[PDB]
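Worksheet for the structure shown next.
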Amino acid sequence: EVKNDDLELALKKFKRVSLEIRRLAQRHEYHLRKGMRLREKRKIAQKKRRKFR
Amino acid sequence: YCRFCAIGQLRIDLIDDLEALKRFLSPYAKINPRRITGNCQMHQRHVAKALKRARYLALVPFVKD
Amino acid sequence: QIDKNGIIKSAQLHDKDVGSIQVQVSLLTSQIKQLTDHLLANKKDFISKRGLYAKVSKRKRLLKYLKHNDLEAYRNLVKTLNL
Amino acid sequence: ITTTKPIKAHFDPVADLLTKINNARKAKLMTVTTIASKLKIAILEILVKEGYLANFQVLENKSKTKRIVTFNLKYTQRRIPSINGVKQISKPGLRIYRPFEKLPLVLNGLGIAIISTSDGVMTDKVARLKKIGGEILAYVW
Amino acid sequence: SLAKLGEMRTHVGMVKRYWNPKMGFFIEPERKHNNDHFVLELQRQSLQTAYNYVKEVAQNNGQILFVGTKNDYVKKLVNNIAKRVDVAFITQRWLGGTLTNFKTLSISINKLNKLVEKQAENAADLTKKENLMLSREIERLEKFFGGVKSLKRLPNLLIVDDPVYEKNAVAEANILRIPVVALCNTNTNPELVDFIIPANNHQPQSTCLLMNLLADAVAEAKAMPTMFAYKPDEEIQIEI
Amino acid sequence: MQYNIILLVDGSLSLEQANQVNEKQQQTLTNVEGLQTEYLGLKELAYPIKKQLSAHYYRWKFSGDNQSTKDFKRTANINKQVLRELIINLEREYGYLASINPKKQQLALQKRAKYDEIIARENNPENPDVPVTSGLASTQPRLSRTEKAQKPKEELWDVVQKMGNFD
RNA sequence: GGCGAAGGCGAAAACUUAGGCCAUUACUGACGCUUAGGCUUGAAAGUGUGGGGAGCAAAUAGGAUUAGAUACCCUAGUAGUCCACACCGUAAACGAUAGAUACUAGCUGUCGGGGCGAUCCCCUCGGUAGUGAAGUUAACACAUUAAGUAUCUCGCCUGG
């Protein structure tokens, strides 16, 4: 995140912010096939879809 | 979601619509997908291109602040 | 959209035409000249190449069918202008 | 009385009619329409006179120059089709010609064959009476 | 009359937005409430013809079983029919390997008879856990197959309140060629049985008069009460 | 053709001098002119480029030769008086129409109902209304009709009926 | 989700061009299918040329388990890479499925338009995942988003 001073609220959002930053940096910090490079995002989206319609 | 789909114009352009942009854009300066924005598919690409222009236009940062 | 209303309305094969053999082939050749100029200006445009081949061969089979189909309704554009 | 999406010009009327009939037999369809064709009118009429066909009607749009023809593939009120299968002997690419000496029975003689001989369509059985041969178009029963 | 329109007020209706057009001659288009509604005059004529057929065949006094539990109200209605006019029934339905082969059910009825005769002696004299086990075997009898006690043959007619709810009762009966009466609601052909009935019971106000009119169309054969055949008697009640 | 241009002037500077230099930059258009003298006032860049914490926003709307705006895209972007030259035209995903304008009654209705501002009505902004009539005005229809009715025989009760009285 | 000759297409912007989609009660009078032959592009790797080389990088150098670790582990590290000319011509280029014609239940939805209609719900036509009856089948399973049915042509396989 950019701000964090709350005791219990902002940390949970910061967790997903860090997860998003990791997902965004795990495609350009190391060169690889674009196949899996996009498959990771597509599979994350698919997993997030069917769990909660 | 966008007012443009609710009025009918079939396109948008950067006329400093930043207000509605803040509904589509997280405070993290990253474009949320079609789910959050609420466009159907056409205004979705319109707001996508507008947000990308704003990135180019420096209306919205890429990530740097 | 290079030409859509020029040659199909200024030229009337029969009593009235909105789409026919020779108006279509004349517009097709106008777009052929336009596309050849475009690809001479920009050599790496292949979609135009395939479209031009399709257009010219469709024109050729248009003329081939119109040979027998009508006595003489094709002797206005059977040639090419690219030399 | 067209079904939907009016039928355009196929490669040959008989093939389009065969598709329509097979689809009627498969997907529970009763009345089917085909492009205007005099041979279609003749074959529908002779199938009606044969007893395997229901009502057939020529159809026109806002204009009368274009035409189509619809017909009810004869279904009894207990969901059974009168026509159970078709086969074409003559094909657009190969119009097989069989003279009067080349008219046998239909797989036991139970079926019906059709020939385009001189004018209109004649059954091979009645064509053999007039010592008439010709190009046989289809076998049906 | 029979199948009168006083019985058809919200009788029609089914699941929202899920239907196959295999139902061709009885279901009307639905997009207002998505609950598939149906035409009524055709149902009246078909059900009157079916009543004539069932009374004619019931004058021979054939065996009939009550098997349908689409909703709780269907269960209540079939219980009412069993307590008023019955010759044999099954609690829920055949569980498979029981309809196209009644050996597994003839032995079931014989074992029920012998189990009652044997448990008449069990008076908590050997093991109390074991007499609870026997009472629980009886309980499982009522749950799985408590209805098969008086049916000594294969019924000539089998009621099917839903082709999607009576898998065994339809399939095993269709292995043989016994006459079968079934409904057709939203996703099946109306031609899977001998006589056609496109009626439904999923609606709360439907199965009441449906079951009453079916029951009083056969109950007259056994010289038993008949109160829904042409009488103005009717019910407007929710499913329960 | 039609051309709306969004201007990004370099860094923080006076409004009028930037307007004049943006006019000079519009002069680089050979014949794309007919501008309406206006601007978007002051709007700062949300992020520092490397030392540019703010800028000024100007809009220029006019028409001309479409080929002759590429040279503007060169000159404005190169010269240190414009940073971004945003162009509007049909190549960017277009939807405009000069006859779809009679839909601004829906604009007023949605401004009213983008969020229901009354305590009595607090419906979600994404819920139906259903005054529905279902207008089509596009069907591709053909008026097929029967003129010769031969062989009277039809198939309407195609549902099975069988298995009469059984003992 | 759409646009896509395939290969694909996303920091933007625009010149241009192409393909559309919906609707036109319309015209040449069906003027079109496949493709011998000819034409065209072709993911990507890499190549000579001139330049650039930021960055990583094979091969590996060295080092860690090791019976061997040569494959998998870490660092140093160049060919390579990269920009254009010329050459690249293949991919698990696939839809494991060449097409074109005509026809054939549906449905949850949704997309582009014609849209009445805050948006809507609701559709008309084309599209986008599934669905299941006919149909299909060695079975997988497909099914009007056929592996369904018929018409015309190019490519192929006759056991390994």
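FYI, nothing fancy with the structure tokens labels: chains A, B, ... in order, residues from 1 per chain, ligands from 1 as they appear.
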**OP:** Report the residues of stretch 105-152 of chain F whose backbone DSSP state falls under alpha helix (DSSP H), written as a list in words.
**Re:**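 Residues of stretch 105-152 of chain F classed as alpha helix (DSSP H): residues 105, 106, 107, 108, 109, 110, 111, 112 and 113 of chain F.
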Subject >> Check: which chain G residues lie within 12 Å of chain F using only C-alpha atoms (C1' of nucleotides), as a ChimeraX atom specification >> reply: /G:2-3,12-17,22-25,112-125
Let's have the selection written as a PDB file, in the first residue's frame, with C-alpha atoms (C1' of nucleotides).
```pdb
ATOM      1  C1'   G G   2     -14.238  -8.481 -29.568  1.00  0.00           C
ATOM      2  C1'   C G   3     -11.329  -7.989 -33.902  1.00  0.00           C
ATOM      3  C1'   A G  12      -0.934   5.616 -25.757  1.00  0.00           C
ATOM      4  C1'   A G  13      -1.872   8.743 -30.100  1.00  0.00           C
ATOM      5  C1'   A G  14      -2.933   9.461 -35.049  1.00  0.00           C
ATOM      6  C1'   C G  15      -2.199   8.798 -41.293  1.00  0.00           C
ATOM      7  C1'   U G  16      -3.799   4.828 -43.938  1.00  0.00           C
ATOM      8  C1'   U G  17      -5.908   0.103 -44.775  1.00  0.00           C
ATOM      9  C1'   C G  22     -26.918  -4.910 -38.055  1.00  0.00           C
ATOM     10  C1'   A G  23     -30.308  -3.328 -41.243  1.00  0.00           C
ATOM     11  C1'   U G  24     -31.527  -1.530 -47.116  1.00  0.00           C
ATOM     12  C1'   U G  25     -38.830  -3.709 -49.735  1.00  0.00           C
ATOM     13  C1'   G G 112     -21.584  -5.677 -31.674  1.00  0.00           C
ATOM     14  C1'   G G 113     -25.373  -3.219 -33.800  1.00  0.00           C
ATOM     15  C1'   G G 114     -31.702  -2.130 -34.713  1.00  0.00           C
ATOM     16  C1'   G G 115     -32.978  -1.001 -30.735  1.00  0.00           C
ATOM     17  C1'   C G 116     -38.967   0.726 -27.311  1.00  0.00           C
ATOM     18  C1'   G G 117     -36.834   1.103 -23.002  1.00  0.00           C
ATOM     19  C1'   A G 118     -32.000   5.650 -16.397  1.00  0.00           C
ATOM     20  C1'   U G 119     -28.861   1.809 -17.561  1.00  0.00           C
ATOM     21  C1'   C G 120     -32.398  -2.127 -17.687  1.00  0.00           C
ATOM     22  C1'   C G 121     -35.367  -6.743 -17.862  1.00  0.00           C
ATOM     23  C1'   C G 122     -36.531  -7.603 -23.151  1.00  0.00           C
ATOM     24  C1'   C G 123     -35.385  -9.029 -27.668  1.00  0.00           C
ATOM     25  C1'   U G 124     -33.655  -9.232 -34.272  1.00  0.00           C
ATOM     26  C1'   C G 125     -29.579 -10.762 -36.531  1.00  0.00           C
TER      27        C G 125
END
```
Which residues of chain E have any atom within 7 Å of an atom in chain F when counting only C-alpha atoms, and what is the closest pair of atoms for each, with the distance in Å to one decimal? Order the rows by chain and rising number and write it as a tab-separated table.
```
residue	atom	partner	partner_atom	distance
E:53	CA	F:165	CA	7.0
E:57	CA	F:165	CA	5.8
E:60	CA	F:167	CA	6.3
E:191	CA	F:160	CA	5.6
E:194	CA	F:162	CA	5.4
E:195	CA	F:161	CA	5.9
```
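In chain D, the set of residues within 7 Å of chain G (atoms considered: only C-alpha atoms (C1' of nucleotides)) is residues 10, 11, 12, 15, 16, 18, 19, 20, 22, 23, 26 and 27 of chain D.
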Original post:
Near residue E:213, counting only C-alpha atoms (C1' of nucleotides), which residues have an atom at most 8 Å away, once you skip same-chain residues fewer than 4 positions from it, shown as a list in words?
Top reply: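 Near neighbours after the sequence-gap exclusion: residues 2, 3, 209, 217, 228 and 229 of chain E.
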May I have the selected residues written with C-alpha atoms, as an mmCIF file, in the first residue's frame?
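See result-v3.cif below for the written result:
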```
data_model
loop_
_atom_site.group_PDB
_atom_site.id
_atom_site.type_symbol
_atom_site.label_atom_id
_atom_site.label_comp_id
_atom_site.auth_asym_id
_atom_site.auth_seq_id
_atom_site.Cartn_x
_atom_site.Cartn_y
_atom_site.Cartn_z
ATOM 1 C CA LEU E 2 -63.579 -33.128 -14.940
ATOM 2 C CA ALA E 3 -60.285 -31.254 -15.282
ATOM 3 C CA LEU E 209 -56.404 -31.221 -7.235
ATOM 4 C CA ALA E 217 -61.005 -41.436 -11.414
ATOM 5 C CA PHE E 228 -63.385 -35.117 -7.346
ATOM 6 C CA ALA E 229 -64.696 -36.377 -10.684
#
```
**OP:** Could you list the residues in chain C lying within 7 Å of chain G, using only C-alpha atoms (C1' of nucleotides), and format the result as a ChimeraX atom specification?
**Re:** /C:17-21,46-50,62,65-66
Residues near stretch 100-103 of chain D, anyone? I mean within 9 Å using only C-alpha atoms (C1' of nucleotides), not counting same-chain ones fewer than 6 positions away, as a compact mmCIF listing (two decimals) with C-alpha atoms, in the first residue's frame.
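Output file result12.txt is given in full below:
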```txt
# COMPACT_ATOMS: atom_id res chain seq x y z
CA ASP D 124 -38.64 -46.80 -62.82
CA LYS D 125 -41.43 -49.40 -62.58
CA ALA D 127 -40.82 -46.34 -66.97
CA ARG D 128 -40.19 -50.04 -67.68
CA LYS D 130 -43.14 -47.57 -71.60
CA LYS D 131 -39.71 -49.16 -72.34
CA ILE D 132 -38.28 -45.87 -71.04
CA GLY D 133 -34.89 -45.64 -69.33
CA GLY D 134 -33.00 -42.49 -68.39
CA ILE D 136 -32.17 -42.39 -62.22
```
Subject >> Long-range neighbours of stretch 41-49 of chain A as a list in words, 12 Å cut-off, only C-alpha atoms (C1' of nucleotides), 2 positions minimum in chain >> reply: residues 19, 20, 22, 23, 24, 25, 26, 27, 34, 35, 36, 37, 38, 39, 51, 52 and 53 of chain A; 33 and 35 of chain B
Quick one: which residues from chain A are at most 9 Å off chain B, using only C-alpha atoms, as a short mmCIF file (atom, residue, chain, number, x, y, z; two decimals) with N, CA and C atoms, in the first residue's frame?
```
data_model
loop_
_atom_site.label_atom_id
_atom_site.label_comp_id
_atom_site.auth_asym_id
_atom_site.auth_seq_id
_atom_site.Cartn_x
_atom_site.Cartn_y
_atom_site.Cartn_z
N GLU A 1 0.83 -1.20 0.00
CA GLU A 1 0.00 0.00 0.00
C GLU A 1 0.86 1.26 0.00
N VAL A 2 0.25 2.40 0.31
CA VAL A 2 0.98 3.66 0.37
C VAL A 2 0.84 4.21 1.78
N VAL A 17 -2.68 -6.42 -1.50
CA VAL A 17 -1.87 -5.49 -2.29
C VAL A 17 -0.50 -6.10 -2.57
#
```
**OP:** Check every residue of chain D for an atom within 10 Å of chain F, counting only C-alpha atoms, and provide those that qualify as a VMD selection string.
**Re:** chain D and resid 1 to 6 28 30 to 31 45 48 to 49 53 to 63 67 to 80
File of the preceding selection, N, CA and C atoms, as an mmCIF file, in the first residue's frame:
```cif
data_model
loop_
_atom_site.group_PDB
_atom_site.id
_atom_site.type_symbol
_atom_site.label_atom_id
_atom_site.label_comp_id
_atom_site.auth_asym_id
_atom_site.auth_seq_id
_atom_site.Cartn_x
_atom_site.Cartn_y
_atom_site.Cartn_z
ATOM 1 N N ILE D 1 -45.274 -20.099 -46.244
ATOM 2 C CA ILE D 1 -45.005 -20.835 -45.015
ATOM 3 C C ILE D 1 -43.563 -21.339 -45.020
ATOM 4 N N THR D 2 -42.624 -20.433 -44.765
ATOM 5 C CA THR D 2 -41.228 -20.814 -44.610
ATOM 6 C C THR D 2 -40.915 -21.084 -43.143
ATOM 7 N N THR D 3 -39.930 -21.954 -42.910
ATOM 8 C CA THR D 3 -39.593 -22.336 -41.538
ATOM 9 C C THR D 3 -38.873 -21.199 -40.820
ATOM 10 N N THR D 4 -37.678 -20.857 -41.291
ATOM 11 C CA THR D 4 -36.894 -19.714 -40.841
ATOM 12 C C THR D 4 -35.647 -19.649 -41.704
ATOM 13 N N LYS D 5 -35.095 -18.441 -41.851
ATOM 14 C CA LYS D 5 -33.908 -18.222 -42.677
ATOM 15 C C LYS D 5 -34.125 -18.780 -44.075
ATOM 16 N N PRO D 6 -34.848 -18.067 -44.940
ATOM 17 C CA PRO D 6 -35.230 -18.629 -46.242
ATOM 18 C C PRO D 6 -34.037 -19.181 -47.013
ATOM 19 N N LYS D 28 -37.168 -33.653 -35.087
ATOM 20 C CA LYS D 28 -38.611 -33.511 -34.870
ATOM 21 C C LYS D 28 -39.163 -32.281 -35.595
ATOM 22 N N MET D 30 -41.608 -31.177 -39.007
ATOM 23 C CA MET D 30 -42.711 -31.721 -39.789
ATOM 24 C C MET D 30 -42.855 -31.060 -41.152
ATOM 25 N N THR D 31 -42.952 -29.736 -41.194
ATOM 26 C CA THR D 31 -43.077 -28.986 -42.438
ATOM 27 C C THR D 31 -41.743 -28.335 -42.763
ATOM 28 N N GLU D 45 -45.316 -33.859 -55.892
ATOM 29 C CA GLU D 45 -46.620 -34.310 -56.368
ATOM 30 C C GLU D 45 -46.666 -35.827 -56.518
ATOM 31 N N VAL D 48 -46.832 -37.435 -53.182
ATOM 32 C CA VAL D 48 -48.195 -37.308 -52.668
ATOM 33 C C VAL D 48 -49.094 -38.373 -53.276
ATOM 34 N N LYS D 49 -49.044 -38.513 -54.605
ATOM 35 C CA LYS D 49 -49.846 -39.536 -55.271
ATOM 36 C C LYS D 49 -49.414 -40.937 -54.855
ATOM 37 N N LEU D 53 -46.618 -38.695 -48.745
ATOM 38 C CA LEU D 53 -46.396 -37.270 -48.557
ATOM 39 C C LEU D 53 -47.693 -36.556 -48.203
ATOM 40 N N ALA D 54 -47.577 -35.550 -47.341
ATOM 41 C CA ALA D 54 -48.694 -34.723 -46.914
ATOM 42 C C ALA D 54 -48.788 -33.487 -47.812
ATOM 43 N N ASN D 55 -49.523 -32.472 -47.360
ATOM 44 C CA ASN D 55 -49.773 -31.269 -48.145
ATOM 45 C C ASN D 55 -48.474 -30.603 -48.588
ATOM 46 N N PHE D 56 -48.473 -30.133 -49.837
ATOM 47 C CA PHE D 56 -47.369 -29.371 -50.408
ATOM 48 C C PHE D 56 -47.930 -28.116 -51.058
ATOM 49 N N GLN D 57 -47.293 -26.972 -50.802
ATOM 50 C CA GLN D 57 -47.792 -25.689 -51.291
ATOM 51 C C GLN D 57 -46.636 -24.842 -51.802
ATOM 52 N N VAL D 58 -46.805 -24.274 -52.999
ATOM 53 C CA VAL D 58 -45.859 -23.280 -53.488
ATOM 54 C C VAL D 58 -46.086 -21.957 -52.759
ATOM 55 N N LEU D 59 -44.996 -21.219 -52.552
ATOM 56 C CA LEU D 59 -45.030 -20.015 -51.737
ATOM 57 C C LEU D 59 -44.372 -18.868 -52.486
ATOM 58 N N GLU D 60 -44.915 -17.668 -52.283
ATOM 59 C CA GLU D 60 -44.373 -16.446 -52.858
ATOM 60 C C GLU D 60 -44.270 -15.378 -51.778
ATOM 61 N N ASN D 61 -43.284 -14.500 -51.936
ATOM 62 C CA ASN D 61 -43.066 -13.379 -51.031
ATOM 63 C C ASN D 61 -43.909 -12.191 -51.503
ATOM 64 N N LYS D 62 -43.610 -10.988 -51.000
ATOM 65 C CA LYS D 62 -44.220 -9.761 -51.507
ATOM 66 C C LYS D 62 -44.283 -9.719 -53.029
ATOM 67 N N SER D 63 -43.310 -10.312 -53.710
ATOM 68 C CA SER D 63 -43.292 -10.417 -55.161
ATOM 69 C C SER D 63 -43.689 -11.838 -55.562
ATOM 70 N N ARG D 67 -39.884 -17.605 -55.967
ATOM 71 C CA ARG D 67 -40.798 -18.582 -55.407
ATOM 72 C C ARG D 67 -40.015 -19.530 -54.506
ATOM 73 N N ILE D 68 -40.742 -20.235 -53.647
ATOM 74 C CA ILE D 68 -40.238 -21.380 -52.904
ATOM 75 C C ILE D 68 -41.350 -22.421 -52.854
ATOM 76 N N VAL D 69 -41.071 -23.555 -52.219
ATOM 77 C CA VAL D 69 -42.110 -24.564 -52.043
ATOM 78 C C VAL D 69 -41.963 -25.235 -50.686
ATOM 79 N N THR D 70 -43.023 -25.218 -49.891
ATOM 80 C CA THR D 70 -43.001 -25.919 -48.620
ATOM 81 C C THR D 70 -43.850 -27.177 -48.720
ATOM 82 N N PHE D 71 -43.609 -28.101 -47.798
ATOM 83 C CA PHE D 71 -44.397 -29.322 -47.751
ATOM 84 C C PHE D 71 -44.261 -29.953 -46.376
ATOM 85 N N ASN D 72 -45.347 -30.569 -45.920
ATOM 86 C CA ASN D 72 -45.339 -31.332 -44.680
ATOM 87 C C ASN D 72 -44.834 -32.736 -44.991
ATOM 88 N N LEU D 73 -43.653 -33.077 -44.483
ATOM 89 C CA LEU D 73 -43.211 -34.464 -44.524
ATOM 90 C C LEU D 73 -44.232 -35.298 -43.763
ATOM 91 N N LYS D 74 -44.885 -36.239 -44.445
ATOM 92 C CA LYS D 74 -46.082 -36.877 -43.907
ATOM 93 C C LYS D 74 -45.798 -37.569 -42.582
ATOM 94 N N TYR D 75 -46.358 -37.012 -41.512
ATOM 95 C CA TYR D 75 -46.304 -37.591 -40.177
ATOM 96 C C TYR D 75 -47.711 -37.967 -39.739
ATOM 97 N N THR D 76 -47.868 -39.202 -39.274
ATOM 98 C CA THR D 76 -49.088 -39.631 -38.612
ATOM 99 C C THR D 76 -49.120 -38.990 -37.229
ATOM 100 N N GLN D 77 -50.298 -38.990 -36.604
ATOM 101 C CA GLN D 77 -50.488 -38.245 -35.366
ATOM 102 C C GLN D 77 -49.942 -39.003 -34.163
ATOM 103 N N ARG D 78 -49.068 -39.973 -34.411
ATOM 104 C CA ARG D 78 -48.419 -40.754 -33.366
ATOM 105 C C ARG D 78 -46.902 -40.678 -33.496
ATOM 106 N N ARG D 79 -46.411 -39.591 -34.100
ATOM 107 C CA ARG D 79 -44.980 -39.296 -34.231
ATOM 108 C C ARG D 79 -44.249 -40.432 -34.960
ATOM 109 N N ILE D 80 -44.675 -40.648 -36.201
ATOM 110 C CA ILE D 80 -43.971 -41.546 -37.117
ATOM 111 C C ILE D 80 -43.856 -40.858 -38.473
#
```
Subject >> Contacts of residue F:2 within 7 Å, only C-alpha atoms (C1' of nucleotides), excl. fewer than 2 positions in-chain, as an NGL selection string >> reply: :F and (4 or 62-64 or 89)
Atoms to include: N, CA and C atoms. Write the selected residues as a JSON list (two decimals), in the first residue's frame.
```json
[["chain", "number", "residue", "atom", "x", "y", "z"],
["F", 4, "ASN", "N", -10.27, 16.80, -31.94],
["F", 4, "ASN", "CA", -10.15, 17.41, -30.62],
["F", 4, "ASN", "C", -8.79, 17.04, -30.04],
["F", 62, "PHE", "N", -11.09, 21.52, -33.47],
["F", 62, "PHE", "CA", -11.16, 22.05, -34.83],
["F", 62, "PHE", "C", -11.09, 20.92, -35.86],
["F", 63, "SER", "N", -11.10, 21.25, -37.15],
["F", 63, "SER", "CA", -11.11, 20.26, -38.21],
["F", 63, "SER", "C", -10.14, 20.63, -39.32],
["F", 64, "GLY", "N", -9.71, 19.63, -40.08],
["F", 64, "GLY", "CA", -8.82, 19.88, -41.20],
["F", 64, "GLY", "C", -8.37, 18.59, -41.84],
["F", 89, "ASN", "N", -10.21, 11.02, -32.88],
["F", 89, "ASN", "CA", -10.71, 10.75, -34.23],
["F", 89, "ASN", "C", -11.32, 9.35, -34.24]]
```
**OP:** From stretch 35-104 of chain F, collect each residue whose DSSP state is strand (DSSP E) and return the set as a PyMOL selection string.
**Re:** chain F and resi 57-63+87-88
Output C-alpha atoms for every residue in the selection just made, as a JSON list (two decimals), in the first residue's frame.
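Result saved to again_16.json:
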```
[["chain", "number", "residue", "atom", "x", "y", "z"],
["F", 57, "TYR", "CA", -4.49, 21.78, -19.33],
["F", 58, "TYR", "CA", -5.75, 23.18, -22.64],
["F", 59, "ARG", "CA", -8.26, 21.88, -25.18],
["F", 60, "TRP", "CA", -8.27, 22.71, -28.90],
["F", 61, "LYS", "CA", -11.21, 21.58, -31.05],
["F", 62, "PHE", "CA", -11.16, 22.05, -34.83],
["F", 63, "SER", "CA", -11.11, 20.26, -38.21],
["F", 87, "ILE", "CA", -5.84, 13.41, -30.62],
["F", 88, "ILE", "CA", -9.49, 12.37, -31.00]]
```
**OP:** Compile the contact shell of residue D:40 as a ChimeraX atom specification: residues with an atom at most 8 Å away, counting only C-alpha atoms (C1' of nucleotides), same-chain residues fewer than 4 positions apart removed.
**Re:** /D:13-14,36,44
Include C-alpha atoms and write out the residues we just selected as a compact mmCIF listing (two decimals), in the first residue's frame.
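Ended up saving to result27.txt:
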```txt
# COMPACT_ATOMS: atom_id res chain seq x y z
CA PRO D 13 -32.16 -28.65 -55.34
CA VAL D 14 -32.12 -32.37 -54.58
CA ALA D 36 -38.30 -23.04 -56.08
CA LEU D 44 -43.51 -33.72 -54.26
```
Could you make a table, as a tab-separated table, of the residues of chain E that have an atom within 12 Å of an atom of chain D, each with its nearest atom pair and distance in Å to one decimal, counting only C-alpha atoms, in chain and number order?
```
residue	atom	partner	partner_atom	distance
E:21	CA	D:28	CA	10.2
E:22	CA	D:28	CA	8.8
E:23	CA	D:28	CA	11.2
E:24	CA	D:28	CA	9.6
E:25	CA	D:77	CA	11.8
E:189	CA	D:28	CA	10.8
E:190	CA	D:79	CA	10.9
E:191	CA	D:79	CA	8.4
E:192	CA	D:79	CA	11.3
E:193	CA	D:78	CA	11.8
E:194	CA	D:78	CA	10.6
E:195	CA	D:78	CA	11.2
E:196	CA	D:78	CA	11.2
```
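Across the structure, atom CA of residue B:48 and atom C1' of residue G:11 are spaced 11.5 Å apart.
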